[PDB]
Structure formats: C-alpha cells, structure tokens
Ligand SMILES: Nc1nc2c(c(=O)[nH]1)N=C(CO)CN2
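Listed next as structure tokens is one chain, alone, in the form deposited without the named molecule.
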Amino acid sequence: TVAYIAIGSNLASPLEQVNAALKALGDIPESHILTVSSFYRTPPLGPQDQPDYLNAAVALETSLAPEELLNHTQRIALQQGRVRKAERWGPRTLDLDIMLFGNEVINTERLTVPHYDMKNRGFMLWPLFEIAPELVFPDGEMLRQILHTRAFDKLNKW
C-alpha cells in the first residue's frame, strides 16, 4: 500500500535532520521509499529570530497496517527529535505525519487519516502534489483542484 508521509523540521540544521528521518523511514520493516519531494521552506510566524521549517513529502510503499506504520513514525519522531533533551511541544520540532494511507479513511482516537488539517496546509499539499499530481483523496476531491481553490502561504523551495 502507498502511504504518504509529511516530514517537517526546524531543528538544528534542518537539512540533515530531515535526511536522518528519511533514512529512518526507509529502515521501517516491510516498507520502502518510492519517492521524496523537493525540500520546502516555511518561515516562522512573527518577527522573532526563529528557524525556518523544512518540509517534505514521502511516498512509502508498505505492507504494514496503518497503526503499525504509526508506531514506527512515532518512534522515529521520538528517537530523532530532541524530546528527551528538550520538551515534547517545542518550539523546535521534528514532525512525521501519516497524511494518507492507500484510499483508506481511518477515524480512531489514535489515528485519523487523511490527516485532519492537511487540506489547509500548503506545506503538506505542495510537496504532495510534486510527487503525486494525479492524487485523489478518499472523499473524491482532486489534489489538483484543492490547490486551485484554497488560499495558502507562498511556499518556496529550501
């Protein structure tokens, strides 16, 4: 099954943080990276001197069940994030989210797929469109149309 995963980081030097997450994704059991988007840049909100977020989308082929894949993405987030050194929240973070899982709709306390807010996040949609321009959501919406009809912040490549 093809799952689409969002990666985001504003940790340390984000380029290598994201490369580490990618390596970890490829090391998930029964799973293989099919393609990775370009790396995109999201500025922080407000005047503060805060680091930019690096965003990417990954197509991962997997024979894992959705909640099994979630165990792994949560594990990698913990292991690679500075959760132990810093705090769960941030403000500096490594985010790994399952955006889509095949054509499945999952509504559980642990897992909601499609990701609940992805259709409002240009930093998820633009990278996803780069790697899956013909994508159609489970509810029938075409990714290509959402990008024509919703307002998103300008998103430059990293």
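We number the residues from 1 along the sequence you see.
Inset, instruction - Return whichever of 30 to 38 and 88 to 96 has the greater mean Cα B factor according to the PDB record. - result: Result of the comparison: 88 to 96.
### Query
Looking at the deposited entry, does 63 to 71 or 123 to 131 carry the larger mean Cα B-factor?
Averaging CA B-factors over each stretch, the winner is 63 to 71.
Ranked by Cα temperature factor within the chain, is residue 45 in the lowest third, the middle third or the highest third?
It belongs to the highest third of the chain when residues are ordered by C-alpha B-factor.
Can you work out whether the C-alpha temperature factor of residue 158 puts it in the lowest, middle or highest third of the chain?
Middle third of the chain for residue 158's C-alpha B-factor.
Check: So where's residue 142 on the chain's Cα temperature factor ranking, which third?
Finding: It falls in the middle third of the chain.
field: Position of residue 15 among the chain's modelled residues by C-alpha B-factor, lowest, middle or highest third
entry: According to the entry, residue 15 has a C-alpha B-factor in the chain's highest third.
The same protein has a further form, the form deposited with the named molecule bound, not shown here; the description that follows concerns it.
Of the listed stretches (129 to 137, 26 to 34, 57 to 65, 43 to 51), which one has a non-hydrogen atom within 4.5 Å of the named molecule in the entry with it bound? Going through the listed ranges, the match is 43 to 51.
**Q.** Sequence-ordered list of residues in 104 to 139 near the named molecule in the entry with it bound, where near means a heavy atom within 4.5 Å
**A.** Contacting residues: 121, 123.
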